[PDB]
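The structure appears below as structure tokens.
Methodologically, a virtual Cβ is constructed for each residue, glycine included, from the backbone with ideal geometry; neighbour enumeration extends over all protein chains shown. No lab work stands behind these numbers, since they all come straight from the coordinates.
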């Protein structure tokens with residue numbers, strides 16, 4: 001029973017600022033594609049950096065995330 005686009009929800013957020021990433025947290029750069037996985041009550045959410053060349057996870061600050069509703073090749 002393969003549908004296609006319909007199946008499971010997904011929240012892809014794009015970084016809107018370059019982060020350094022402490023020794024405990026993970027670092028990244030503005031312009032990466034992450035996928036919101038979990039969200040803590042403190043504000044820190046567990047995303048998944050889809051850098052491609054070197055992807056990695058790590059709780060990042062929601063403040064450094066923006067809903068990427070729009071997509072490329074829009075015309």
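What number of residues in region 19-50 are surrounded by 14 or more Cβ atoms within 10 Å (Cβ to Cβ), part of a loop (DSSP other than H, G, I, E, B) and under 11 Å from the mean Cα position of the chain (by Cα)?
So the count comes out to 1.
Out of region 61-75, which residues are within 19 Å of residue 9 (Cβ to Cβ) and in contact with a strand residue (DSSP E or B) (Cβ under 9 Å, 6 or more places away or on another chain)?
Listed by number, the residues that qualify are 62, 65, 66, 67, 68.
Given (1) more than 17 Å from residue 11 (Cβ to Cβ); (2) in contact with a helix residue (DSSP H, G or I) (Cβ under 7 Å, 6 or more places away or on another chain), where does residue 41 come up short, assuming only one miss?
Going through the list (1) more than 17 Å from residue 11 (Cβ to Cβ); (2) in contact with a helix residue (DSSP H, G or I) (Cβ under 7 Å, 6 or more places away or on another chain), residue 41 breaks only (2).
Do we have residue 58 as at positive phi, outside any loop (DSSP other than H, G, I, E, B) and either touching a strand residue (DSSP E or B) at 6+ places or on another chain (Cβ under 8 Å) or surrounded by 13 or more Cβ atoms within 10 Å (Cβ to Cβ) (or both) here?
Against the criterion (at positive phi, outside any loop (DSSP other than H, G, I, E, B) and either touching a strand residue (DSSP E or B) at 6+ places or on another chain (Cβ under 8 Å) or surrounded by 13 or more Cβ atoms within 10 Å (Cβ to Cβ) (or both)), residue 58 qualifies.
I need a count of the residues in region 1-18 that are in a loop (DSSP other than H, G, I, E, B) and surrounded by 12 or more Cβ atoms within 10 Å (Cβ to Cβ).
3
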